[PDB]
Amino acid sequence: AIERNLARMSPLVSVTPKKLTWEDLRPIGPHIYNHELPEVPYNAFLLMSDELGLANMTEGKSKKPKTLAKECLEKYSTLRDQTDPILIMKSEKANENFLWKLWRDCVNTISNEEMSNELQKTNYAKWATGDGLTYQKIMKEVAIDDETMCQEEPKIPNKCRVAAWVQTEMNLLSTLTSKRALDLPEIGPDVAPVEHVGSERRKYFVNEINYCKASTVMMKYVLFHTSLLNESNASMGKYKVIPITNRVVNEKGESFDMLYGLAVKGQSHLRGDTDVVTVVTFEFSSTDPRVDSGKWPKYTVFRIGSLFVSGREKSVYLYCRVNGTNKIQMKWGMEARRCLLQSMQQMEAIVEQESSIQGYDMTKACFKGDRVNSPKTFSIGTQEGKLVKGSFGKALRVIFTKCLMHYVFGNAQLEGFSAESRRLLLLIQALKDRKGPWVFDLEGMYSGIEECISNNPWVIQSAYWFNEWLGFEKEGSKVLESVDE
Amino acid sequence: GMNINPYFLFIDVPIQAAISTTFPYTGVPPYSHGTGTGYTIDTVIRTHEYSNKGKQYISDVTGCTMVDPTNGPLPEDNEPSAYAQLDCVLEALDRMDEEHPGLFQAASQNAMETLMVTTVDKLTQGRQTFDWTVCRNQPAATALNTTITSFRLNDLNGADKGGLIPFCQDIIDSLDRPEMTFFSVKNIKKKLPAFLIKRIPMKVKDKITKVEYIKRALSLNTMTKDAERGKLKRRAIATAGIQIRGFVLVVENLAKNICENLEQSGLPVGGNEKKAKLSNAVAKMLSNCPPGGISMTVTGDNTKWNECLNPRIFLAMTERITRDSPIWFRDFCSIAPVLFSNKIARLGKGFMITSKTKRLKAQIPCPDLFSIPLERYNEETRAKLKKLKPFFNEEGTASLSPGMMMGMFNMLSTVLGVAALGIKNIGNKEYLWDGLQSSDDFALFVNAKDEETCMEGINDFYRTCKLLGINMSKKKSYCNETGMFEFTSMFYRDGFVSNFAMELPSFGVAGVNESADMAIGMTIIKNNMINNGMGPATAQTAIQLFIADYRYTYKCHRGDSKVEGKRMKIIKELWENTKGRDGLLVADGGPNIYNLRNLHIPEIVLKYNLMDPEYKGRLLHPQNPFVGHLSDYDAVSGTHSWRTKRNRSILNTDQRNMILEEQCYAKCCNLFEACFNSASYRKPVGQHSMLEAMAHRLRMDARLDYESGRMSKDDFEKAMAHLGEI
Amino acid sequence: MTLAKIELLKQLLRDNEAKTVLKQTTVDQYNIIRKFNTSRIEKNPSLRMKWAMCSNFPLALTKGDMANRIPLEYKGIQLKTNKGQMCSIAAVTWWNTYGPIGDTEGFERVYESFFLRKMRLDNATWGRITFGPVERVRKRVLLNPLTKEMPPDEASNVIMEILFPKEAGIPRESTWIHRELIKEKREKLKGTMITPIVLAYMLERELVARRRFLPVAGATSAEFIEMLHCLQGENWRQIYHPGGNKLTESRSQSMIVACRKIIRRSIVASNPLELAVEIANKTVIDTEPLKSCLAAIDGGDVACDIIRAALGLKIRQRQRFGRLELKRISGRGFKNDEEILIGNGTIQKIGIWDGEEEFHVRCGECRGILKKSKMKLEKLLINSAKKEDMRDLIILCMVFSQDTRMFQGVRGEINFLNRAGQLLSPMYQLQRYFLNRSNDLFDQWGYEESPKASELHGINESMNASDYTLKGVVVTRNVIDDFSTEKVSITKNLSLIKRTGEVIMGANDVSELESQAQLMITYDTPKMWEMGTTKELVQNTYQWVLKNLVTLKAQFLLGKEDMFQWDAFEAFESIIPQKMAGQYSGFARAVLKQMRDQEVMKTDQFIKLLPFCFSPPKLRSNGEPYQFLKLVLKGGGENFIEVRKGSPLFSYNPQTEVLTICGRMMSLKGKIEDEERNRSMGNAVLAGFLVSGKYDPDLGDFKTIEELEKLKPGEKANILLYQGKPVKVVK
RNA sequence: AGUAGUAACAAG
RNA sequence: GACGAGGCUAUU
RNA sequence: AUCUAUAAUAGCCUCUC
Ligand SMILES: *O[C@H]1[C@@H](O)[C@H](n2cnc3c(N)ncnc32)O[C@@H]1COP(=O)(O)OP(=O)(O)OP(=O)(O)OC[C@H]1O[C@@H](n2c[n+](C)c3c(=O)[nH]c(N)nc32)[C@H](O)[C@@H]1O
Ligand SMILES: [Mg+2]
Ligand SMILES: [Mg+2]
């Protein structure tokens with residue numbers, strides 16, 4: 001029966017096999033290169049590379065977030081007492097007067113002798129938090145009778161092009177700093193030799209990750225989300241000022257409490273997991289928003305003062321933004337430390353491979369080299385169209401930053417892009433291994449990839465990076481086409 | 001300057017070796033919002049589009065519009081097709097039977113034995129189940145109890161016999177009753193000023209007609225799925241009722257028995273067992289490659305797997321498999337495909353229409369979708385409703401004869417895929433194909449003399465699958481030389497590589513309680529070390545991160561820390577009062593002493609010798625009030641085995657009557673357990689009433705106490721009087 | 001409290017809803033109404049817990065005096081609600097700080113298994129940690145040790161007997177073996193106040209086994225599975241010595257595995273006896289020398305006896321077939337693979353033992369002498385013992401004999417593969433199948449007149465002596481005192497010969513089945529890796545070649561044949577099947593010689609082929625080497641080396657100059673000449689063949705190995721090196 | 001507004 | 001408002 | 001030689017555009 005049915009089945013019913021070549025792999029998402037679209041704006045819940053933390057020496061006594069914020073503001077009294085705003089940039093639909101009033105109310109509430117962080121429900125606070133904005137629910141009969149009630153046209157995420165600030169953020173977040181933010185608790189003493197090996201390797205890995213800017217940003221996110229969830233549960237019907245705080249340790253062992261800004265939590269009656277609580281964030285920064293204005297459509301920036309870091313003083317701006325979050329996002333922010341694991345497990349695996357090839361632990365050799373082996377190096381990036389190499393620790397920091405960005409910019413667009421581009425990556429690997437891959441509908445796969453590149457900054461930058469790496473891989477393969485031929 | 005490109009890692013590491021970095025599972029999983037009606041209507045429309053060239057008629061039992069693509073015209077293009085040919089399916093099944101003698105007979109006999117020794121309580125083992133009495137979703141046990149009670153109202157007492165077979169006979173008979181009486185839920189609305197509307201549910205008798213009951217029995221309740229990774233767009237899932245679930249079990253058991261003995265099936269094996277089987281199969285295919293030839297592996301997914309598979313083909317499959325079985329079992333196995341061929345899809349909550357200027361919103365339910373002009377719907381919804389109209393039922397449902405929206409035939413769908421894999425050749429051509437199947441995912445190994453012959457074999461396999469109603473996705477499938485492939489998200493590159501990312505979400509605090517969560521976290525770390533290639537340094541870091549997450553979740557920071565909190569004050573007081581502080585649990589502010597070598601030891605046991613006697617006695621108090629007690633029996637678990645009172649207090653709903661029935665059941669069950677201490681450990685058996693069993697047990701206990709001196713004359717007389725009065 | 005229960009039932013029966021629920025709900029339907037719940041269970045408990053811990057009173061208190069002991073407030077912290085009383089986590093902390101002190105007898109008893117686990121960890125020694133390839137196999141293994149193990153149904157029946165004897169139901173005969181145990185347990189729990197269900201799961205924890213599929217490498221005993229996460233990864237091994245005591249069966253199995261590995265390594269060496277002795281003297285089974293373990297245990301296999309003879313010990317010719325011990329008396333058997341048709345109709349591949357053999361058979365108490373022949377059970381002389389033990393011994397002897405009647409007596413379902421497709425020993429499966437269904441075996445075997453001799457009488461299928469008895473079995477009154485010896489001298493080739501010179505055992509009788517030892521085996525020698533699996537050996541050999549690449553290449557260019565002799569290559573030779581070792585050696589030597597002499601040298605191919613040049617060459621009758629497309633190695637279908645293309649064990653990327661060996665990447669940068677990228681691979685794939693030019697269409701399709709082998713010298717041929725790259729070669 | 005994204009929340 | 005199947009885990 | 005045998009609840013992972 002199968003033979004008879006296949007005999008009469010049309011030839012048009014075909015899998016249409018096509019041998020894959022490097023020339024068939026085109027760049028993914030060409031629209032990210034056309035300047036008609038606006039460059040993708042900054043939409044992360046908090047500033048990451050533009051963050052500025054007011055530092056106050058502590059005595060290892062985590063008194064209270066309110067007391068910490070008050071003492072930090074007391075140290076920087078000029079910023080605390082700045083009352084007259086000089087507007088620098090304004091969000092399209094924001095009321096800069098209301099935002100400045102809310103900021104001043106936050107500062108006054110933090111600085112008052114009272115022990116509470118509650119804010120009154122004033123006109124500007126109500127506007128900022130979005131009070132009374134939910135639609136009234138009416139009966140089905142009246143709505144059906146009412147001809148003006150129509151189904152809303154869904155809002156689609158818009159299309160954006162590559163923005164250089166994502167590359168800048170990647171470059172800056174993966175660099176080493178002088179501050180440690182990780183607060184890893186102790187474990188039991190090592191007894192088995194495998195435990196001692198693990199501790200010796202953790203030394204290098206943590207020392208590499210703990211000092212990078214991405215670790216400090218991740219800790220800020222984790223602590224803020226923890227505080228926000230606690231406040232949302234504890235204070236459902238109150239406006240609360242939640243300081244954005246961190247604790248860092250210098251290379252000399254001295255600790256600092258860092259205040260990056262203040263947040264205002266709106267009413268939190270989150271019955272559902274996707275229910276939204278509005279958070280109004282006021283974050284200190286030194287970046288002038290006008291240098292690349294396309295990055296800050298969502299921010300209302302005032303200039304509030306200046307600070308001294310060296311012989312040249314640096315301006316201090318206040319980035320003010322209305323934002324929102326839900327319980328799922330708060331829960332997943334409290335557990336962002338897992339980024340570490342995903343970066344560590346990968347890199348450790350590589351080290352283990354080398355160990356199996358050498359017959360001894362290769363952590364020190366991989367990180368810094370030894371008598372018999374030169375330090376292991378990875379292609380890390382580009383500089384003026386030429387491939388640049390970096391150390392093992394740099395690659396570890398890059399992978400950690402990538403995982404942190406997966407958390408920060410993660411949504412359905414990133415998920416779909418990751419899956420489809422993973423299929424494409426497997427095809428490229430097949431090409432590199434000289435496995436002679438074949439395809440059936442390559443344009444369909446490319447369309448599946450490109451359906452997910454709309455406005456996620458990480459997805460757009462990932463498409464750009466994928467195209468760059470694919471070009472480099474084509475250049476490399478050009479030499480593999482003339483072996484025994 | 002120098003710009004970081006993370007993809008450059010792949011220049012040094014092969015994609016498979018660094019595959020974990022392509023899974024962004026530290027980010028928030030996508031969640032669905034609002035109604036799933038749009039997705040359900042899209043599913044209905046697409047299911048009917050893939051079968052529109054089939055036989056369209058009207059059901060004489062329900063009056064629904066029915067589409068039958070089976071034995072329909074062969075496809076003329078590469079679009080998804082549901083026009084499976086019965087002859088080709090039977091030929092594939094006969095080839096499978098020839099290659100595995102006695103497999104169908106053994107599987108059918110084992111399934112029949114299991115069914116004969118299966119009780120009605122097997123149906124309580126499900127999650128949210130569609131309840132026809134309330135036309136809602138209720139826990140599987142609740143829906144089963146409601147169905148049993150309603151059947152009792154309609155002279156249907158098969159469930160008393162205890163077996164699944166008499167209850168399924170009762171379901172079949174219920175389908176024939178001219179009318180149905182049952183208990184349903186009715187809400188009373190009260191006006192509580194704030195004004196708000198307060199809902200008070202209660203049970204009330206109700207009656208429906210034969211056709212309405214049949215449509216409810218065949219109905220599927222549709223909802224939206226959340227927390228799904230790797231998908232840009234959301235989808236709708238479906239759940240069936242008790243009538244369907246009764247019969248799905250036997251078909252699933254039969255298909256599982258068949259699949260377990262197929263070397264080409266990836267089900268029901270999973271985890272390390274699946275890895276071992278797959279590795280063995282790949283090695284076998286590698287060694288079986290003809291010399292001097294080419295072996296090529298196709299990583300493939302099937303597109304529209306559930307949409308295009310037809311329950312009629314499944315009925316044919318079941319009839320073929322149970323060829324040598326008694327007639328009763330063949331009918332029993334045929335029931336489920338029949339019910340699925342006549343299934344009806346409930347379309348969900350509906351849609352929402354709003355006035356932006358007036359700031360108003362309203363929910364139009366499914367029965368009233370066409371009550372408003374289609375111009376008041378948005379573009380996509382209007383088009384979908386226009387396409388849905390022919391299959392729409394006036395009560396708010398849709399006829400869904402084609403397709404497999406439920407997705408309850410994973411094993412049988414795998415059997416069909418393996419039957420496709422078992423052809424291995426068309427027309428004596430110079431190629432041979434084999435492979436592995438897991439539902440819609442497959443890996444196809446084709447051995448031939450050159451690449452072109454392998455491509456011809458792949459095309460032949462594609463067309464053969466088309467003949468069986470299976471559509472290989474040309475967009476998400478690819479092929480290469482054997483040695484590297486992907487199957488069910490497992491990546492083989494000269495062996496299966498570890499994928500650590502998929503395990504990341506499990507490294508958090510479980511959310512049972514402090515002690516259980518500590519145990520779960522340590523066990524997760526240990527098993528990830530064993531299975532997912534997690535090195536010792538990463539394992540220790542995972543211990544540290546879990547400890548940090550645990551301390552912040554349970555507000556049990558180190559007793560020598562300066563963190564603030566209601567619990568932390570007492571934690572610091574305990575830290576001051578304690579001498580052997582190394583024996584304190586982490587939940588009590590104690591230090592963490594876990595390392596790699598002791599991940600498998602519970603925390604209390606690990607610190608047992610270090611505890612101070614007073615702290616140990618307080619912690620392990622037999623009568624601590626934080627753990628439930630049986631009623632006063634002693635509880636050996638500590639004070640950290642507490643339970644959270646999960647009160648699902650839906651806002652503005654006052655369950656003054658549902659809670660009453662729940663409490664009545666609880667009191668009866670508690671008394672029964674007090675009479676029968678083994679009931680919790682072993683399921684009690686018996687077709688007699690609980691009252692009679694309890695009465696006889698108490699009579700025996702009283703008499704034996706009297707004879708043993710445990711009870712005196714007066715108490716014995718009282719007990720006998722009460723028993724006789726009862 | 002019977003009267004209290006009766007009064008409670010009477011009070012409950014007043015409620016009409018409760019009365020109707022009790023009257024209409026069957027005992028079976030209780031299991032339904034126990035799970036009745038009007039509300040769905042909340043999902044995502046992690047988020048629910050993170051949210052609830054921020055609440056004020058998320059914990060439920062059990063009403064009673066102990067809940068009342070908790071103060072309403074403590075230093076400005078409200079611990080309990082002032083319906084269902086709720087408390088804060090601070091209430092739990094307060095109880096742990098100032099609560100009443102209780103007796104901890106219950107916890108110590110309920111979790112005794114975990115305390116044994118902790119003690120096993122504490123009384124353990126840790127060895128060194130080694131870095132290197134570790135090939136792991138996924139096997140179904142036991143997770144936790146159990147003193148007594150039974151299947152879940154038996155354990156459940158025993159637990160019901162111990163804890164709920166009244167409502168236990170039918171006294172299943174399967175519980176008989178455990179009756180004594182039950183009494184013992186009822187002794188310990190007579191006056192315990194612990195809730196019975198907790199005790200039941202304690203007993204399950206003590207009795208019911210948990211078996212899971214896990215990746216293991218050389219240590220499958222539960223004591224080692226407990227520490228598996230620390231034992232090894234994919235690239236490192238951690239020596240571990242668990243505390244407690246280990247069974248004799250585990251020691252015997254581990255020593256059998258060790259001896260088989262030693263023989264397999266030694267046979268390919270020059271003077272195998274000396275190497276075998278050297279390795280054996282340094283072999284430790286967990287924490288005891290191999291020689292001592294061989295001296296103590298009374299058992300083993302051919303390899304164990306050979307190692308005993310090599311060490312100067314006395315050979316014990318004992319064999320184990322599950323339930324019975326068989327001591328050789330006379331005769332030598334040979335195992336051959338053959339497809340046997342089972343009674344069910346399915347042909348199964350089984351190892352059949354030929355020849356005539358005599359065995360002292362012991363099972364429980366029953367003893368006997370078994371005379372077996374190829375595929376036939378000649379005779380079995382038995383002594384009177386327990387009828388049950390007598391019939392188990394008889395059926396065990398019949399199945400052990402591989403008789404045709406036994407195979408044809410199968411009527412039902414027999415699984416020779418587990419759900420993962422792994423091969424289960426056919427003979428043990430047959431033994432298990434026929435143990436519980438001996439009726440069909442006896443019916444198929446046949447019967448004949450019982451012997452009428454003075455001391456000989458038959459036995460029937462009715463487990464009693466009678467005038468009818470099954471063929472072959474004969475009872476005797478000649479009491480035998482079991483087994484309580486021979487003297488042999490081990491020769492150079494590990495063959496055991498008597499004083500007469502006849503060979504009684506040899507290295508060719510050792511089973512080739514690779515198995516996972518139950519106890520960790522260590523070799524206290526720097527060349528321990530030579531006793532590893534095929535993949536580990538391949539990776540280590542190629543790593544050694546890479547480490548000495550420069551000196552090896554220099555010796556090759558200057559020297560001619562001394563480079564082919566190395567101990568690393570000797571270890572590599574042990575994983576090559578001996579049939580092809582000489583042919584592979586000839587092929588590889590010819591290829592390397594042609595690469596050198598013709599000056600077209602390719603480093604990747606040289607490295608790939610060098611290990612295969614160790615065995616003495618074995619050319620064809622016409623004086624030319626055999627030609628190969630791939631060199632197959634022991635174990636698995638993925639263990640082979642492709643001459644032309646890459647292989648799962650060996651692949652080379654010329655673009656990046658990266659060698660992938662068993663999944664590990666190494667760099668040839670520096671140890672390579674870039675000009676080798678322009679060099680043609682067609683000169684290093686066939687012995688005696690050199691690339692003559694471009695692929696000529698005139699010659700036709702690409703020739704095969706046998707077609708190449710028959711070509712005359714100076715003749716061209718089209719060759720496909722690999723996909724998309726043809727070439728033509730000449731001899 | 002904002003969150004967000006094919007449909008919701010922005011309290012009931 | 002959150003289904004089916006497979007594997008693994010914890011608990012009674 | 002683990003093939004057998006295996007109560008219930010819950011969690012995590014895998015498996016339409
Ligand atoms: O688990 C494996 C092995 O380690 C274990 N085993 C074998 N011998 C022992 C002893 N003596 N103590 C503890 N454990 C032991 O059983 C498995 C054996 O696997 P394998 O080596 O592959 O088995 P083998 O190849 O030897 O043949 P097999 O039929 O499985 O029998 C193994 C065992 O039985 C002996 N045997 C059976 N028969 C019918 C034999 C025969 O006819 N002639 C001879 N000479 N021996 C026979 C085998 O020789 C072994 O003793
Ligand atoms: Mg697939
Ligand atoms: Mg799929």
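In the text below, chain A, chain B and the rest are named by the order of the sequence lines, each starting its count at 1. Reckoned from all heavy atoms, side chains included, excluding hydrogens, waters and symmetry mates.
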Can a side chain N or O of B/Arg646 be found less than 4.0 Å away from OP1 or OP2 on F/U9?
no
Provide, to the nearest angstrom, the distance between the CD1 atom belonging to B/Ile45 and the P atom belonging to F/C17.
17 Å
RNA chain E: stems of at least 3 consecutive Watson-Crick or G-U pairs, cut-off 3.5 Å?
E:4-10 with F:9-15
Under 4.0 Å: is that the gap between some side-chain N or O of B/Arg245 and OP1 or OP2 of E/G4?
yes
Check the distance between F/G11's P and C/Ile41's CD1 and give it to me in whole angstrom.
7 Å
Quick one: is the NZ or CZ of B/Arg234 closer than 6.0 Å to the six-membered ring centre of B/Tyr39, and within 45° of its axis?
no
For B/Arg46, report the nucleic acid contact type (base, sugar-phosphate, nothing); a contact means any heavy atom under 4.0 Å.
base
When you compare D/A8 with E/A2, how far apart are their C1' atoms, in angstrom units rounded to a whole number?
16 Å
I want to check one thing: is the phosphate of F/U4, taken as OP1 and OP2, less than 4.0 Å away from some side-chain N or O of C/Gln429?
no
Check: B/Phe487 main-chain N/O paired with B/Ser489 side-chain donor or acceptor under 3.5 Å:
no
OP1, OP2 of E/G1 versus side-chain N and O of C/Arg40: anything below 4.0 Å?
yes
What I want to check is whether the side chains of B/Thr303 and B/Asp301 have a donor and an acceptor closer together than 3.5 Å.
no
Judged by atom type as modelled, is there a donor-acceptor pair below 3.5 Å linking the side chain of B/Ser413 to the main-chain atoms of B/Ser439?
no
So B/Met502, base contact, sugar-phosphate only, or nothing? Heavy-atom distance under 4.0 Å.
sugar-phosphate
Ignoring backbone atoms, test whether B/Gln128 places a side-chain nitrogen or oxygen under 4.0 Å from the OP1 or OP2 oxygen of E/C3.
no
Salt bridge between B/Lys231 and B/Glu228, side-chain N to carboxylate O under 4.0 Å?
no
Per the atom types in the model, does the base of D/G5 pair as donor or acceptor with the side chain of A/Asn455 at under 3.5 Å?
yes
Base, sugar-phosphate, or nothing: which does C/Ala200 touch, judged by heavy atoms less than 4.0 Å apart?
nothing
Would you please confirm or rule out a distance under 4.0 Å between OP1 or OP2 of D/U3 and any side-chain N or O of A/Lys298?
yes
I need a per-nucleotide contact map over nucleotides 6-12 of chain E, read 5' to 3'. Cutoff is protein heavy atoms under 4.0 Å; write B for the base, S for backbone only, - otherwise.
SSSSS-B
Please state how far atom CZ in B/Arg682 lies from atom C1' in F/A8, giving the value in whole angstrom units.
14 Å
Upstream residue (5' side of RNA chain F) when B/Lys476 and B/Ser680 are each assigned their closest nucleotide
B/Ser680
Classify the angle between the aromatic ring planes of A/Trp127 and A/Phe98 as parallel (below 30°), tilted (30 to 60°) or perpendicular (above 60°).
perpendicular
Separation of B/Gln128 CD from B/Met223 CE (nearest 0.5 Å):
7.5 Å
Whole Å only: how far is the CZ atom of B/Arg229 from the P atom of F/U14?
8 Å
Side-chain donor/acceptor contact of C/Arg34 with base of F/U9 under 3.5 Å:
no
Are any of C/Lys139's side-chain N or O atoms less than 4.0 Å away from OP1 or OP2 of F/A1?
no
We want to know whether B/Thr124 and B/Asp121 form a side-chain donor-acceptor pair, criterion being a heavy-atom distance below 3.5 angstrom.
no
Donor + acceptor pair across side chains of C/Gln516, C/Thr220 (<3.5 Å):
no
No-H, no-angle donor-acceptor pair, B/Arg127 side chain to E/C3 base, under 3.5 Å
no
Taking atom types as modelled, is there a side-chain donor on A/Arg321 or A/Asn43 under 3.5 Å from an acceptor on the other?
no
Any side-chain to backbone donor/acceptor pair from B/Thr222 onto B/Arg346? Under 3.5 Å, distance only.
yes
Under 4.0 Å protein heavy-atom contacts per nucleotide of nucleotides 6-12 of chain D, with B for base, S for backbone only and - for none
BBSBBBB
Quick check: on RNA chain F, is the nucleotide nearest C/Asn44 upstream (toward 5') of the one nearest B/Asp121, or the reverse? Name the residue that is more 5'.
B/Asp121
By the 4.0 Å heavy-atom rule, please label C/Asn31 as base, sugar-phosphate, or nothing.
nothing
Work out how far the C1' atom of D/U3 is from that of D/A11, and round it to whole angstrom.
16 Å
Please determine whether any donor N or O and acceptor N or O are separated by less than 3.5 Å between the side chain of B/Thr43 and the base of F/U16.
yes
Distance alone, cut at 3.5 Å: any donor-acceptor contact between the side chains of C/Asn418 and B/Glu273?
no
Rounded distance (Å) that lies between atom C1' of F/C15 and atom CG of B/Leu309
14 Å
For B/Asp440, report the nucleic acid contact type (base, sugar-phosphate, nothing); a contact means any heavy atom under 4.0 Å.
sugar-phosphate
Tell me the interatomic distance from A/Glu96, atom CD, to D/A1, atom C1', rounded to whole angstroms.
14 Å
Would you tell me if any nitrogen or oxygen in the side chain of A/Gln413 comes within less than 4.0 Å of OP1 or OP2 on D/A4?
no
Any side-chain N or O of B/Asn221 under 4.0 Å from OP1/OP2 of E/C3?
no
Applying a 4.0 Å non-hydrogen cut-off, can you work out what A/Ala128 is touching in the nucleic acid: base, sugar-phosphate, or nothing?
base
Classify C/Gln516 by what it touches in the nucleic acid, base, sugar-phosphate, or nothing, heavy-atom distance under 4.0 Å.
nothing
Examine F/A8: is either OP1 or OP2 under 4.0 Å from a nitrogen or oxygen in the side chain of B/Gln125? Give yes or no.
yes
Whole-Å distance, C/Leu47 CG to E/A2 P, equals 17 Å
Have a look at B/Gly126 and say if it touches a base, only the backbone sugar-phosphate, or nothing, with a 4.0 Å heavy-atom cut-off.
sugar-phosphate
Please report the closest heavy-atom contact between B/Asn137 and B/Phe130, naming both atoms and the distance.
OD1-CA, 3.6 Å
Rounding to a whole Å, what distance do you find between A/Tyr124:OH and D/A1:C1'?
18 Å
Counterpart base for D/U6, defined by Watson-Crick or G-U wobble contacts under 3.5 Å
none
Have C/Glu154 and C/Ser174 got a donor and an acceptor in their side chains that come within less than 3.5 Å?
yes
Separation of the P atoms in F/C17 and E/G1, to the nearest angstrom
28 Å
Parallel, tilted or perpendicular for B/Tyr681 and C/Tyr201, by the 30°/60° rule?
perpendicular
